[PDB]
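Reviewing the structure listed below.
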Amino acid sequence: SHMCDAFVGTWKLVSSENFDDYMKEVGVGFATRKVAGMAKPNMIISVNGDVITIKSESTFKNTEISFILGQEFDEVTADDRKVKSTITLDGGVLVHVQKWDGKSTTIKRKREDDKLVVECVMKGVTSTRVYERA
Ligand SMILES: CCOC(=O)c1c(NC(=O)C2=C(C(=O)O)CCC2)sc2c1CCCC2
């Protein structure tokens, strides 16, 4: 096993704060924000060797990334940004940096009690999204 084990599994979104504001700062347009903000995604995390997969599933849209820690990859985000992403495991927190158009956003995923807490930061604005096991 590995430490990245306490992330593996199926997680459901139980709360969100400031997500609309985070998406505004990212540059997401009105209609996409409205539809994206309604979603109640499940997050499915799995590991196979050095490859980590994170899926986000909702009735409206399903997305998936697979990656190796520290190794940059291409990502098309759920709002259709084409970004270059790097994910590292720093002090037990998955830290995901997305770069596009000279901009940057960082998404941190951490275990806290029985939750998986997702903190999304774009130029002063933080959104906190809390998941629990499905
Ligand atoms: C930033 C734009 O995000 C979206 O457009 C977006 C989501 N985004 C998320 O769920 C995000 C996170 C999460 O809880 O996994 C982390 C940051 C985005 S979930 C979803 C959409 C758009 C389509 C429906 C489902």
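When reading the values below, keep in mind they use all heavy atoms of this one structure, side chains included, and skip hydrogens, waters and symmetry mates. Numbering of ligands and ligand atoms starts at 1, following listing order. FYI, the numbering just counts along the sequence from 1.
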Nearest protein heavy atom with distance in Å, relative to [atom]:
atom: atom 2 (C) of ligand 1; value: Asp79 OD1, 3.5 Å
atom: atom 3 (O) of ligand 1; value: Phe19 CZ, 3.9 Å
atom: atom 23 (C) of ligand 1; value: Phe60 CD2, 3.7 Å
atom: atom 22 (C) of ligand 1; value: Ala36 CB, 3.5 Å
atom: atom 19 (S) of ligand 1; value: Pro41 CG, 4.2 Å
atom: atom 17 (C) of ligand 1; value: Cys120 SG, 3.5 Å
atom: atom 6 (C) of ligand 1; value: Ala78 CB, 3.6 Å
atom: atom 25 (C) of ligand 1; value: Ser58 OG, 3.1 Å

### Task
Please say whether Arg129 places an N or O atom under 3.5 Å from an N or O atom belonging to ligand 1.
yes

### Query
Does the N or O separation between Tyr131 and ligand 1 drop below 3.5 Å for any pair?
yes

### Query
So which bit of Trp11 gets within less than 4.0 Å of ligand 1, heavy atoms only: side chain, backbone, both or neither?
neither

Check: [Y] and [X] side chains under 4.5 Å, non-hydrogen atoms:
X: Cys4; Y: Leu94; value: yes
X: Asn18; Y: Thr126; value: no
X: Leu89; Y: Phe7; value: yes
X: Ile52; Y: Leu69; value: yes

### Message
Tell me if a side-chain donor or acceptor on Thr128 pairs with a main-chain N or O of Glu119 at a distance below 3.5 Å.
### Response
no

### Message
Using only atom types and a distance under 3.5 Å, with no angle test, would you say the side chain of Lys61 pairs donor to acceptor with the backbone of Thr59?
### Response
no

### Message
I need the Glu25 CD to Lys123 NZ distance, nearest 0.5 Å.
### Response
4.5 Å

### Task
First locate atom NZ of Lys40, then atom CZ of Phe60, and finally report the distance between them rounded to the nearest 0.5 Å.
15.5 Å

### Query
What's the verdict on salt bridge (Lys or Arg N to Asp or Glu O under 4.0 Å) for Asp79 and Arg81, showing C-alpha distance, side-chain angles and the deciding distance?
CA-CA 6 Å; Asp79 59 306; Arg81 283 173 288 128; 2.8 Å; yes

### Query
With atoms numbered from 1 as shown, which atoms in ligand 1 lie under 4.0 angstrom from a non-hydrogen atom of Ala39?
25 (C)

### Contact check, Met43 vs ligand 1, heavy-atom distance below 4.0 Å
no

